[PDB]
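1. kindly generate the corresponding structure for this input.
(5 chains, ligands or ions: 7)
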Amino acid sequence: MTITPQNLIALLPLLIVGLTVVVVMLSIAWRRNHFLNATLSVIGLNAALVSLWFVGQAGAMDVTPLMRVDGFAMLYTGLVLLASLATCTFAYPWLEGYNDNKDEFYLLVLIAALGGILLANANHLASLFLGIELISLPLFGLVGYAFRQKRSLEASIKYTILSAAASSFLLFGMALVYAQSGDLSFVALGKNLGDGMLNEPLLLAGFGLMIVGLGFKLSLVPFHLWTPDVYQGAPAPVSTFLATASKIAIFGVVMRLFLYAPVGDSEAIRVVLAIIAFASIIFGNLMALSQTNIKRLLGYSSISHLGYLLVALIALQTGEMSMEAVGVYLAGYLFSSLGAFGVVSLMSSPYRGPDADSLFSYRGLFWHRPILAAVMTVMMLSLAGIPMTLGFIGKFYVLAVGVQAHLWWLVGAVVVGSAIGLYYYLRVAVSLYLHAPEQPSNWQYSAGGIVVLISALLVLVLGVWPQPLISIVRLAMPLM
Amino acid sequence: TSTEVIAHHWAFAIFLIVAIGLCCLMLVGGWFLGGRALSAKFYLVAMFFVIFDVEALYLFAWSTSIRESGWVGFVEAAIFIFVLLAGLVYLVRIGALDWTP
Amino acid sequence: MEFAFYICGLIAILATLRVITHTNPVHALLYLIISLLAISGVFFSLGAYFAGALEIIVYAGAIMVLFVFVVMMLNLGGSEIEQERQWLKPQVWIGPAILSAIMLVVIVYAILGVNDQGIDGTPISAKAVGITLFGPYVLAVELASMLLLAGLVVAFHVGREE
Amino acid sequence: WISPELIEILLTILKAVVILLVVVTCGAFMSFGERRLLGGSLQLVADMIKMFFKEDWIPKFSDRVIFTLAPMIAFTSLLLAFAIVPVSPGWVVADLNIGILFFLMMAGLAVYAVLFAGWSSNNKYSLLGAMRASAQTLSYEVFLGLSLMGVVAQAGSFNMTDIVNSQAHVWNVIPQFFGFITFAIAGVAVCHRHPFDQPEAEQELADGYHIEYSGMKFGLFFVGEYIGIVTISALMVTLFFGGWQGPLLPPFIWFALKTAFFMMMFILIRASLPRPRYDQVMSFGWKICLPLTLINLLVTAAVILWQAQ
Amino acid sequence: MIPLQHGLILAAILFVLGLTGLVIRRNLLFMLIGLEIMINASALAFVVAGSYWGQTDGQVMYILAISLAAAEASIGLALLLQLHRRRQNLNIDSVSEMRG
Ligand SMILES: CCCCCCCCCCCCCCCCCC(=O)OC[C@H](COP(=O)(O)OCCN)OC(=O)CCCCCCCCCCCCCCCCC
Ligand SMILES: CCCCCCCCCCCCCCCCCC(=O)OC[C@H](COP(=O)(O)OCCN)OC(=O)CCCCCCCCCCCCCCCCC
Ligand SMILES: CCCCCCCCCCCCCCCCCC(=O)OC[C@H](COP(=O)(O)OCCN)OC(=O)CCCCCCCCCCCCCCCCC
Ligand SMILES: CCCCCCCCCCCCCCCCCCCC
Ligand SMILES: CCCCCCCCCCCCCCCCCCCC
Ligand SMILES: CCCCCCCCCCCCCCCCCCCC
Ligand SMILES: CCCCCCCCCCCCCCCCCCCC
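-> Numbering: from 1, shown residues only, chains lettered A, B, ... in the order given. Ligands and ions are numbered 1, 2, ... in the order given. For reference, the structure is listed below:
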């Protein structure tokens, strides 16, 4: 249908981010200035958040055959925009250490934020595909932004080849689904079936190939092997964005797809996702046991945490509180990953050139950077599901949802994987406070420090008193 | 299944077949008869051609249905064309398309 | 209209089979262009006229030109792989071919048993695709432009000479 | 074996082959006309005999398939792009609903002749020169299609006969003057005509891609070049100058007169307008002609939607 | 008259061959070639599905697919150029620095 002005005021985050991309590009074409383009990008993302407020002043409706805007889309749009703003704030000093052009970074961050918003509002297979690609391609650029480095270039090549393979798998899956079901909308996948014939082999095959593509995109086993190499090789703000915004947006569109589709309540797909979640939790927690590099450790951490989220997704159409479980867990995991990768980025900033190493060396961090050590030990405790932290609130949400749906294998998997997580997270958290033998002064570095400090304080306070977050997430309900 | 459409199909087939056969047979007559005895700016311009050709195909799809899309389609294609022109101006100004620096 | 579809599909299959088992990059790209022409013939046999038109205009006329362009620029003349040719020794290719054959037979088992009235072959003209493109698919067009802009920026940032 | 569907399909086959032979003979005649202005048919026949009976030599260090395939592309691309042009009512080869889209496929395939010739000519200078030439042809094929899309917007469809019928009252040269000049520039650039004849003349590390082509493959390049400008002129006629529509003369006579006029105009701007630099060609294309096509398409859309009651 | 299953089987065969060439070929250019075969096979499957149902959505899906294919081709060839520039070698197994 046509686009009414009400649909246009519901379009405000997308339009504001697109206008920000155009304005930043024209400012680059005027004169290559790092500070002005960084300011323009962060102004556009903050204006997109205020536009989210103005969207909430309006209603929830289907703006296109493609997009549906509701509180679900608002929550995921807000998470994606917060991740993008944090990525810009962390990337400014790291780009201050850079030699080449340093505004295409902000252009790509804006375009990937736009793709995240599009995945938040996606109600169509075309919209899902386009949002996935609009996340992926600026990440192809940003992962290999320091292409002179060996690690960054090989991370870029690995991510490019594997994501092109995943997008081809996903696209063939939706081709098979559209061959089975005559409509490409989310609500009509399996509509023309009855008398228990929901297990159409072509529909199941198509959804399996989309499961392959999304399980690449969500770092789910057995499409998980790319995660630590790309996380380690990428620049640290790019690792922040790739851990937070891409995972949040892709998992939101996965939840919306499985909620709206009549084939979401299929026992074959449910058992396959149960196997994938069990393997994801166990494999990520087991593989993060013996990691000395913090970025690979956080990659396997991301695999395990997405396994917990996928466990919460398996109980989507049996329980009722799965939506708010995933929302609470994703807010907590976003703030945890923001704090951890922000500490990593702040001690890897400014950039030291393509020849110098980018090792973190977290041991004895308290004796020269006490505030960042306190922040990172808070985030390490939060990722472990330790009480007095928000990650525990998300963990408790996942456990309650799994218990409610009688998923006892997944509940035991969460228990075991949390024990392994306890081991390696506390190893890092206590290695922060030991004694190290051996191995700034600008307001943007202080801004990044304030960002990770605020994230840690939010994690602590919302771990002690998680009611406001639950209240906010609970009213962010999609269309019934 | 009219006689005009099948006549045009056979005429087009005969045109293609006779043309390619004429080129191939004249090369065969040439061969059989007669006795015997880098810079990366090129990648940049080819890449720009690829991207701008895909945006061109979008305008190809738009142009054949300008009447049926109305002024709303004009606004959408104007936004498309403005984004395309902003990218082109960016490429021109930051020296991607300047062949002699 | 069916004989054309079957012969073009056979040509496409044989051409990509020659593509994945060839060593000269220019020959591989030439057989790939041949398969793209065959798949455009498949599109025209099905009535998707605009799809075949963009297949030859863009896929076999812009992207493969870029692939040929890069092949001539890097000048591959037997850089330690044309002298090795691992994909012909069976220990490299039997396993992946077995896996691909298993996936093919699973997908083919999924394809069969699905109801089929046949493809009519009625021509879906380019004006209908244009109407749908700028009608119920507005944001798809605008953010496809945004995606191509992103690809432009990243490919310039990586591939520039300096 | 007498029936009038068979008679009709044989008449249309005869029309198609007559069109093809007239096109190839007019291309050869233009080759002689350019050679002379800068028995005549007997001299062309003697030339063809010389190219037939000279030995066709392939370099030992060159790929035979690519070297043999490049002149076939240079001929057959625009020689098949002619097939959409209606020269008379009832005398069109194919009434495709894609039309100028089919012409665009043939131009996109036509760039492969230059690329293949440059790669198969085993020489660094020939490779560099042909790579510059292919870069230029891509830089002008980037807006050839949109320069036609203005006329597609005005006519409302891709079909050739529909465009000609929409050219009944006013020829689209008058409203689409900018589309006409951009299509003329891009067509004169695609077929490697003057001004943009040899881009390798600006640098001595580059050589022509026509070198190492000797005898009958060189003849294929030459005749395909002139056939390409035959069909470029015919498409310019059928897209901007009424096609076969005129007040007094028979329609084929009008089409032939317009096509011959553009033929001599292409000969003239070979003979007159001098050589610009290579970076000047690139800058002019990428910074003038593509935005001109975009703005012309926007203005055409605004005018069309304004004049829609 | 053409069955939908035959078009889908052809698309599946092309996708399978593209993935085979993606896996078995060490050269990065041939991985990109296999990726192009896979994405074009998926686009062909979408066109076949649209042509069976008589809807214009299949060709729109094709257009989005080839836009992605063009942009990812640009990325793949730019990264191939950077690899050939900094390593003078298209070896995809050799530059494997980060490992578990
Ligand atoms: C009586 C039966 C019924 C009741 C069952 C109750 C279960 C819960 C209570 C019991 C939990 C037992 C946990 C045993 C391991 C304790 C952790 C430990 O020993 O950590 C130290 C050890 C490292 O020590 P070291 O070998 O010096 O260092 C090498 C590393 N470079 O670390 C390591 O070697 C690696 C540690 C990895 C993480 C901890 C191990 C988790 C294993 C699964 C835990 C859940 C078990 C559930 C029940 C299973 C059946 C009993
Ligand atoms: C012969 C054995 C093999 C010999 C070597 C290979 C030569 C090329 C073979 C493939 C191309 C020719 C196939 C035969 C086509 C004959 C015409 C035909 O069947 O037309 C039917 C149909 C007409 O259109 P429609 O209106 O849909 O039909 C309704 C009928 N009243 O038509 C259609 O709907 C569309 C017809 C197909 C699309 C146009 C042609 C595409 C050509 C692709 C060539 C690819 C490269 C081949 C290279 C070969 C050498 C390596
Ligand atoms: C060494 C050989 C290499 C390969 C050379 C080419 C191989 C094929 C040659 C034989 C072709 C046989 C005839 C094919 C069918 C002709 C008729 C046809 O295309 O009909 C289908 C359709 C009709 O449309 P219409 O009549 O307007 O609508 C009716 C409603 N359905 O019309 C259409 O759909 C029109 C669109 C299809 C047009 C295809 C044109 C040829 C494409 C290949 C060009 C190859 C160039 C040289 C090689 C390049 C490098 C390899
Ligand atoms: C409730 C929050 C729990 C996690 C934060 C913990 C960090 C708080 C601030 C840092 C204090 C560190 C003190 C370390 C003292 C080490 C002494 C070693 C020699 C005996
Ligand atoms: C390598 C780590 C493995 C961890 C495995 C954790 C297993 C936890 C215990 C699972 C128990 C499942 C019991 C299922 C009973 C189902 C009864 C159904 C009755 C209708
Ligand atoms: C039928 C006559 C209508 C006249 C008024 C037309 C102008 C008002 C409506 C404009 C709607 C434009 C929607 C454009 C959406 C672009 C989205 C871009 C995302 C980056
Ligand atoms: C450069 C001109 C190329 C023209 C190619 C096609 C030639 C077709 C000739 C057709 C002749 C008959 C046309 C219909 C009858 C009207 C004219 C009658 C007297 C010739």
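2. please make it C-alpha for all contacts and neighbour counts, starting now.
-> Fine.
3. so the longest helix seen in chain E, near chain D or not?
-> Taking DSSP state H as the criterion, chain E has its longest helix at helix E:57-87. No. Using CA under 8 Å from any CA of the partner chain, helix E:57-87 never reaches chain D; the gap is at least 14.7 Å.
4. which neighbouring elements make contact with that helix?
-> Of the remaining helices and strands, those touching helix E:57-87 by 3 or more CA pairs under 8 Å, 6 or more residues apart in numbering or on different chains; DSSP states H and E are helix A:125-143, helix A:150-180, helix B:41-63, helix C:49-54, helix C:64-74, helix C:126-133, helix C:138-159, helix E:28-53.
5. buried residues in it?
-> By neighbour count, with 16 or more other CA atoms under 10 Å in any protein chain shown as the criterion, the buried positions of helix E:57-87 are E:57-83.
6. from residue D:228, how far off is residue D:277?
-> 24 Å (CA to CA, to the nearest Å).
7. so residue D:93 is in which element?
-> Per DSSP states H and E: residue D:93 is located in neither a helix nor a strand.
8. measure it to residue B:35 for me?
-> Distance of residue D:93 to residue B:35, computed by CA to CA: 39 Å.
9. more crowded one of these two?
-> More crowded of residue D:93 and residue B:35, by other CA atoms under 10 Å in any protein chain shown: residue D:93, with 28 against 10.
10. quick one, what contacts that one?
-> By CA atoms under 8 Å, 6 or more residues apart in numbering or on different chains, the contact list for residue D:93 reads B:8, B:11, B:12, B:15, D:12, D:15, D:16, D:19, D:83, D:84, D:85, D:86.
11. closest one of the residues you listed to residue A:396?
-> residue D:84 (69.2 Å; CA to CA).
12. doesn't residue D:98 make contact with that closest one?
-> No. The pair residue D:84 / residue D:98 is not scored as a contact, 9.0 Å apart, by CA atoms under 8 Å.
13. neighbour count winner among the two?
-> Using other CA under 10 Å, the more surrounded residue of residue D:84 and residue D:98 is residue D:84, with 26 against 20.
14. grab the nearest non-local neighbour of residue A:451.
-> In space, residue A:451 comes closest to residue A:86 once its chain neighbours are excluded; the distance is 7.2 Å by CA to CA, 6 or more residues apart in numbering or on different chains.
15. can you tell me the helix or strand for that neighbour?
-> Per DSSP H and E: helix A:71-96 holds residue A:86.
16. could you point out which element follows that helix?
-> Per DSSP H and E, the first helix or strand lying C-terminal to helix A:71-96 is helix A:104-120.
17. now for residue 56, how many residues are close by?
-> This is for chain A. Neighbour count of residue A:56, defined by other CA under 10 Å: 16.
18. try again with chain E
-> Residue E:56: 22 surrounding residues under other CA under 10 Å.
19. not counting residues beside it along the chain, what's closest to it?
-> In space, residue E:56 is closest to residue C:129, 5.5 Å off (CA to CA, 6+ apart).
20. residue contacts, the one you found?
-> Taking CA under 8 Å, 6+ apart, we find residue C:129 in contact with B:61, C:50, E:56, E:57, E:59, E:60.
21. coming back round to it: could I get the contacting residues of the residue nearest to residue A:451?
-> Listed by CA under 8 Å, 6+ apart, the contact set of residue A:86 reads A:338, A:448, A:451.
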